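Structure at a glance
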Amino acid sequence: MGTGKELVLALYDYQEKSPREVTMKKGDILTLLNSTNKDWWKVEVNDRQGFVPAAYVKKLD
């Protein structure tokens, strides 16, 4: 991004189910931190960070 990492769009609401996940609401614009895993991407949701299912977000690119 002009300054940083790529953004992704939340496609669905998702509630964190373990300590390493994070919650997102449908339509949130998240910062993508790590997409090395094909199943779980690490994102920044506002001011919180964690993994969400990769299928639930869409790269803005």
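Residues numbered from 1 in each chain as written, not as in the entry; some residues may be left out. Heavy atoms only, no water.

In terms of determination method and resolution, the entry is listed under X-ray crystallography at 1.77 Å.

Bringing the sheet that holds strand 4 (residues 48-53) into the picture now. The strand order across the open sheet formed by 5 strands is 4-3-2-1-5, and the pairing between neighbours is antiparallel. Only two strands of the sheet have a single neighbouring strand rather than two, namely strand 4 and strand 5 (57-59). This sheet shows a mean twist of 45° between the axes of neighbouring strands, independent of strand direction. When strand 2 (residues 29-34) meets strand 3 (residues 40-45), the two strands line up antiparallel, connected through 3 bridges. Along strand 3, the bridge assignment pairs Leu32 with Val43. (Pairing = 2+ DSSP bridges. Helix = DSSP H or I, 4+ residues; strand = E, 2+ residues; numbered from the N terminus. Axes fitted to C-alpha atoms, helices over the stretch in contact; angles between N-to-C directions.)

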